[PDB]
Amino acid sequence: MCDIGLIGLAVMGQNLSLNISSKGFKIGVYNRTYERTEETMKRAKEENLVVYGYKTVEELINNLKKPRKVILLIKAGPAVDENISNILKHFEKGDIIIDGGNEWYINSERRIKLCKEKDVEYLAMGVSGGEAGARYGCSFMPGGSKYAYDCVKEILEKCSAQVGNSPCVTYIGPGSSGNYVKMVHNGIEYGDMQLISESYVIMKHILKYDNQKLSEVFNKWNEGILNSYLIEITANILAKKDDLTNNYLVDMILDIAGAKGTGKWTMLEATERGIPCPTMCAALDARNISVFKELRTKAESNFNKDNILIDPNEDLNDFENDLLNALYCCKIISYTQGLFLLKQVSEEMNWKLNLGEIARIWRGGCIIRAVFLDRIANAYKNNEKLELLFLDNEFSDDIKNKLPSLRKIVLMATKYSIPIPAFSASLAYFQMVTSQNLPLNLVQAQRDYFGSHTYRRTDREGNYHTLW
């Protein structure tokens, strides 16, 4: 009998089947269409690995050992519920359903409760790493049934990314906390990608760096404090040559990058729960504005943007490293908004997430994997109740040392009419969070004028209204 079952063989579950078999476990498999079930065992016997193939979902359910554990990697839709309903027919008490797809967390909380209304235990697990992380080591974020995580952890611990000793797996928490963490993960991924793209345009359009020089600076930044998966791949991307022309491949890609849904979700949670995430607002704005490509062409023909002529006595020494410090400053700020949202929702949902180990599971396999997340993990284990992360003593010293660089990057781009909303929002976010008095006294005074919303006073309690 098999140890684990896996429904849904895309480019993501296939390689997870190979990983599970590569680590001493052997897996059962089912797909709606059987050509991909055909292709998977093809690659299994190629790599000298055994994977059992099945045509109906019933034969594989009966070919697992109790408690039966099944993983789903099918796309979000009614298909998730037609699989889960039909798995429930054959499943009995104590059996485990593990959803690995990126699903809206409210959907999971609904399905955890329907499935335990049959005492079928549900594990909503977010997976990150793509199809490289699948095959060799991803970042697992399982949440929901603590019982189900305990019976399957051993499969996850040896199939995840190993940072030294540490497997990139941890019990996230109860309910749909697994999808919420993974959702916040791609929110921080969207912001990291936007900040990198804005650093790319500062060097190319102010220091007027060619595409290879940009690849070197990213290969030099990747050697450092911002050593990350995304920074290293930009160095590779910027150096890549097209095979149809003699140009760099990135320069021939049309600048339309829409939102694929997941990352969009984090801004909805931010808005409705009242937790600001400005770095992510700029990231979604950049993606959404790019979609109107033929409106932006008409707009530029009316508002022609001139080539960037830099002042001859503008000083640009250390600007490459000021952008270094600025980018690192904006990443500290970007994670601060993400983890503050996680912390707050953790308290409202009563999940009591451990952000120290969430940072530690994210050190490998995922898209945002960086040495930076080891500083975060060490920060929260030093202070387990830290709300904002740059309030940590080391991080606060990093902000105070590198914030002038962020000011000068925003100043230089502002003067030369280069838009970097993520950089501007990140420094705007810091200046408002760290200010005791904000101009919302005038707003509260305005609302009382026309709407009688009442206001509160500095020196006394109670709500007051005045005829101005």
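Just count from 1 along the sequence shown to find any residue number.
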Check: Of 309-317 and 231-239, which one has the bigger average CA B-factor?
Finding: 309-317
Next item on the list: Pick between 140-148 and 88-96: the one whose mean CA B-factor in the entry is higher.
Entry: 88-96
Item checked: Most elevated Cα B-factor in the entry, residues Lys415, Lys408, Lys400, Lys65 -> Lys65
Item checked: Residue selected from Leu442, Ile420, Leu49, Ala428 by maximal Cα B factor -> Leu49
Margin query: Quick check for you: using the entry's CA B-factors within this chain, is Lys260 in the lowest, middle or highest third?
Written below: highest
Checklist line | Ranked C-alpha temperature factor of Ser199 among modelled chain residues, by third | finding: lowest
Next item on the list: Using the B-factor values recorded in the entry, state whether the Cα atom of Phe450 falls in the lowest, middle or highest third among the modelled residues of its chain.
Entry: highest
Next item on the list: Going by the recorded CA B-factors, say which third of the chain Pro278 sits in, lowest, middle or highest.
Entry: lowest
Notebook entry, point to check: Split the chain's modelled residues into thirds by Cα B-factor; is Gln162 in the lowest, middle or highest one?
Noted result: highest
